[PDB]
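Report on the structure given below.
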Amino acid sequence: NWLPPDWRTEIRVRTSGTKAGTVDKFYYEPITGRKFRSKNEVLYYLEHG
Amino acid sequence: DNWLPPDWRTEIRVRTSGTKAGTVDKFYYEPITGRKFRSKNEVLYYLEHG
């Protein structure tokens, strides 16, 4: 819990290949739908919109 | 997914926020191009027609 109001989250779970079973979390910006790959990439961009 | 050609990648996307929380989508990725498909039939269509 640190995430602005309308922000969508998801996990991608790898189901084939060398990294089958790995879970990656993604954050999407509202209206735009802009994909971020980490906490800090979102924290950073809130500061520098 | 034995039907899939070699070096195709699969994953599931699960929504973790909003109305659609808990929704699971299957994706299929073509080797090298990274091109995205959303079902078995869409992949078999593409392999046939290019």
Side-chain angles (χ1 to χ4, degrees), chain A residues 2-5 7-30 32-38 40-49, chain B residues 1-12 14-19 21-50:
Chain A
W2 51 264
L3 198 67
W7 276 69
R8 181 187 347 122
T9 59
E10 78 181 19
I11 57 165
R12 298 181 193 194
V13 181
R14 180 74 52 77
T15 59
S16 58
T18 320
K19 287 222 306 161
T22 307
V23 171
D24 298 309
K25 307 202 200 85
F26 291 91
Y27 308 92
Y28 299 80
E29 174 177 52
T32 54
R34 191 187 181 196
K35 186 184 62 166
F36 295 76
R37 290 173 180 281
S38 72
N40 298 157
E41 263 165 68
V42 182
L43 291 180
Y44 175 90
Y45 158 90
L46 292 185
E47 294 175 354
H48 310 72
Chain B
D1 283 340
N2 56 56
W3 60 267
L4 209 47
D7 259 24
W8 282 68
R9 172 176 289 180
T10 61
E11 82 187 353
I12 54 161
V14 189
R15 281 286 226 80
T16 55
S17 58
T19 301
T23 304
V24 184
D25 298 316
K26 217 161 180 296
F27 293 108
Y28 305 92
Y29 295 88
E30 182 167 37
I32 324 307
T33 75
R35 196 164 150 196
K36 176 186 316 194
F37 301 82
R38 290 152 217 282
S39 71
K40 170 168 179 178
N41 292 344
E42 283 168 45
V43 170
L44 297 180
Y45 191 81
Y46 165 81
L47 287 177
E48 163 158 12
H49 292 124

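Reminder, nothing fancy here: chain letters follow the sequence lines and each chain counts from 1.
Salt bridge annotation for A/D24-A/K19: absent, with no cationic side-chain nitrogen under 4.0 angstrom from a carboxylate oxygen.
Note: B/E30 CD to B/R9 CZ = 13.0 Å, rounded to the nearest 0.5 Å. Taking OH from B/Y28 and CG from B/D1, the interatomic distance works out to 4.5 Å, rounded to the nearest 0.5 Å. Summarising the geometry, atom NZ belonging to B/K36 is positioned 11.5 Å from atom CD belonging to B/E42; distances are rounded to the nearest 0.5 Å. In this structure, OG1 on A/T9 lies 9.5 Å from NZ on A/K25, to the nearest 0.5 angstrom. Between the CZ atom of B/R35 and the OH atom of B/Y29 there is a distance of 13.5 Å, given to the nearest 0.5 Å. Rounding to the nearest 0.5 angstrom, the gap separating the OG1 atom in A/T22 from the CD atom in B/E11 is 11.0 Å.
Between A/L3 and A/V42, the shortest heavy-atom contact is CD1-CG1, 4.3 Å. Taking both residues in full, the closest heavy atoms of B/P31 and B/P6 are given as CG-O, 4.2 Å, listed atom of the first, atom of the second, then distance.
Between the side chain of A/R14 and the backbone N or O of A/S16, no donor-acceptor pair lies under 3.5 Å.
Note: the hydrophobic cluster containing B/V14 also contains A/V23 (ILVMFWY, side chain heavy atoms under 4.5 Å, direct or indirect links). In this structure, B/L4 is a member of the same hydrophobic cluster as B/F37, with clusters built from ILVMFWY side-chain heavy atoms closer than 4.5 Å.
The environment of B/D7 atom CG is sparse: at most 12 non-hydrogen atoms of other residues, nucleotides or ligands sit within 6.0 angstrom.
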* To do: Dump the intermediate steps for side chain to side chain contact (heavy atoms under 4.5 Å, CB included) on A/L46 and A/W2, then the final yes or no.
  => CA-CA 12 Å; A/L46 292 185; A/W2 51 264; 5.7 Å; no
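Relative ring orientation between A/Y44 and A/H48 is described as parallel, the plane-to-plane angle staying below 30° on a 0-90° scale split at 30° and 60°.
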